[PDB]
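Note: the block below is run22.cif and it holds mmCIF, C-alpha atoms.
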data_structure
#
loop_
_atom_site.label_atom_id
_atom_site.label_comp_id
_atom_site.auth_asym_id
_atom_site.auth_seq_id
_atom_site.Cartn_x
_atom_site.Cartn_y
_atom_site.Cartn_z
CA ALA A 1 17.73 99.68 34.40
CA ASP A 2 16.47 101.89 31.57
CA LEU A 3 12.97 103.34 31.30
CA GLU A 4 13.08 105.10 27.93
CA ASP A 5 13.55 102.40 25.29
CA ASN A 6 10.31 101.00 23.88
CA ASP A 7 9.46 102.34 20.43
CA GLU A 8 9.51 105.90 21.76
CA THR A 9 10.57 108.24 18.96
CA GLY A 10 14.37 108.26 18.89
CA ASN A 11 14.42 104.68 17.61
CA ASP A 12 13.34 103.62 14.12
CA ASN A 13 12.76 107.26 13.20
CA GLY A 14 16.43 107.82 14.00
CA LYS A 15 17.17 108.66 10.37
CA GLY A 16 15.61 110.69 7.54
CA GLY A 17 18.72 112.82 7.03
CA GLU A 18 21.93 110.79 7.15
CA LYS A 19 20.65 109.19 3.92
CA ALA A 20 22.08 105.78 2.98
CA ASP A 21 25.88 105.67 2.57
CA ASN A 22 27.62 104.05 5.57
CA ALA A 23 25.90 102.54 8.57
CA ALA A 24 22.52 103.84 7.42
CA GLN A 25 22.72 101.87 4.17
CA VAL A 26 23.79 98.82 6.18
CA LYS A 27 20.94 98.77 8.70
CA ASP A 28 18.41 98.99 5.88
CA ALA A 29 20.32 96.17 4.22
CA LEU A 30 20.13 94.01 7.36
CA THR A 31 16.37 94.13 7.78
CA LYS A 32 16.19 93.50 4.05
CA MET A 33 17.19 89.88 4.59
CA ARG A 34 15.21 89.63 7.83
CA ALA A 35 11.94 90.72 6.23
CA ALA A 36 12.87 88.23 3.52
CA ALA A 37 13.43 85.35 5.92
CA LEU A 38 9.93 85.90 7.29
CA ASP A 39 8.60 86.25 3.76
CA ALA A 40 9.98 82.96 2.46
CA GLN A 41 9.01 81.19 5.68
CA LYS A 42 5.34 81.73 4.85
CA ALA A 43 4.63 84.34 2.17
CA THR A 44 6.29 83.64 -1.20
CA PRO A 45 6.64 79.82 -1.66
CA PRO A 46 10.33 79.70 -2.78
CA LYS A 47 12.15 76.36 -2.84
CA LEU A 48 9.21 74.84 -0.97
CA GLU A 49 7.37 74.60 -4.29
CA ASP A 50 6.90 70.95 -3.33
CA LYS A 51 8.59 70.45 0.05
CA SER A 52 5.79 71.26 2.49
CA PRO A 53 6.27 70.65 6.29
CA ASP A 54 7.07 67.02 5.41
CA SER A 55 10.78 66.87 4.65
CA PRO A 56 13.40 68.73 6.79
CA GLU A 57 11.56 71.83 5.53
CA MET A 58 10.65 72.86 9.06
CA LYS A 59 14.11 71.91 10.30
CA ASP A 60 15.68 74.02 7.58
CA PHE A 61 13.07 76.75 7.97
CA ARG A 62 12.88 77.04 11.76
CA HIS A 63 16.66 77.05 11.65
CA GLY A 64 17.41 78.69 8.31
CA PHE A 65 15.40 81.68 9.56
CA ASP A 66 16.94 81.56 13.02
CA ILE A 67 20.29 81.48 11.26
CA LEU A 68 19.67 84.49 9.05
CA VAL A 69 17.84 86.22 11.89
CA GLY A 70 20.82 85.11 13.98
CA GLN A 71 23.42 86.63 11.66
CA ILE A 72 21.34 89.69 10.82
CA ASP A 73 21.57 90.58 14.51
CA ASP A 74 25.22 89.57 14.58
CA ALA A 75 25.60 91.95 11.67
CA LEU A 76 24.22 95.17 13.16
CA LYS A 77 25.90 94.50 16.50
CA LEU A 78 29.03 94.36 14.33
CA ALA A 79 28.29 97.70 12.66
CA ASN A 80 27.08 98.89 16.05
CA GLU A 81 30.48 98.39 17.67
CA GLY A 82 32.66 97.75 14.65
CA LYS A 83 32.81 100.11 11.65
CA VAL A 84 30.72 99.14 8.62
CA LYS A 85 33.86 97.97 6.80
CA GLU A 86 33.96 95.17 9.37
CA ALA A 87 30.23 94.66 9.01
CA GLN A 88 30.04 94.86 5.22
CA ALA A 89 32.66 92.13 5.37
CA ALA A 90 30.68 90.35 8.06
CA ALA A 91 27.75 90.63 5.65
CA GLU A 92 29.55 88.56 3.02
CA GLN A 93 30.38 85.69 5.37
CA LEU A 94 26.60 85.42 5.43
CA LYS A 95 26.09 85.25 1.69
CA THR A 96 28.09 82.03 1.85
CA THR A 97 26.40 80.78 5.01
CA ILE A 98 22.91 81.18 3.59
CA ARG A 99 24.18 79.68 0.36
CA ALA A 100 24.64 76.46 2.26
CA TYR A 101 21.04 76.76 3.38
CA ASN A 102 19.86 78.25 0.08
CA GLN A 103 21.74 75.61 -1.89
CA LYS A 104 21.07 72.79 0.55
CA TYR A 105 17.37 73.16 -0.28
CA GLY A 106 17.93 75.07 -3.52
#

Transcribe the structure of this file into structure tokens.
Amino acid sequence: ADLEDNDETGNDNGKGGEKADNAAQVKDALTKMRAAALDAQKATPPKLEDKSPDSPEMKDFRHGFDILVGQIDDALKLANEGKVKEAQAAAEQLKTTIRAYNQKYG
């Protein structure tokens, strides 16, 4: 029932001071992957050097990105209501998860 949450000014720009050490460093680290998922998808031909939308590419992409983009969100929400220590750890569980996707197609 809110009416003040749509790219106003408090969001996104809610930094530029608390530098990058705890949660700040995390957040920036979460979008890092995100922006990467979108990149790989259709920007910097990675493992798809010769696996165009023929093989499970799309299945692994449409998902592989949903996954990352699914954990990325599961990550912040963790650091949102669960100290970074729990998130930084939750960040690792991802490294392995994507490695199944990264290696699967790697």

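Closest approach to residue 63 (chain A) from the set A:38, A:24, A:32, A:90 is made by A:38, with distances taken over all atoms listed in the file.
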
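When all atoms listed in the file are used to compute distances to residue 67 (chain A), the closest of the residues A:47, A:28, A:6, A:98 turns out to be A:98.
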
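Nearest residue to residue 103 (chain A), choosing from A:64, A:70, A:54, A:19 and counting all atoms listed in the file: A:64.
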
**Study point:** Separation of CA of residue 3 (chain A) from CA of residue 26 (chain A) in Å
**Key:** 27.7 Å

Check your understanding: What is the distance between CA of residue 40 (chain A) and CA of residue 88 (chain A), in Å to one decimal?
Key -> 23.5 Å

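In this model, the gap between CA of residue 29 (chain A) and CA of residue 14 (chain A) comes to 15.7 Å.
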
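Proximity ranking of A:37, A:1, A:23, A:91 relative to residue 75 (chain A) places A:91 first, based on only C-alpha atoms.
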
Exercise for review: Could you please give me, as a VMD selection string, the residues of protein, DNA or RNA lying at most 12 Å from (20.8, 91.6, 13.5) in the coordinate frame of the file, considering only C-alpha atoms?
Suggested key: chain A and resid 26 to 35 65 to 80 87 90 to 91 94

Review point. Using all atoms listed in the file, which residues sit within 10 Å of residue 105 (chain A) once same-chain residues fewer than 3 positions away are excluded, as an MDAnalysis selection string?
Key: chainID A and resid 46:48 51 56:57 60:61 99:102
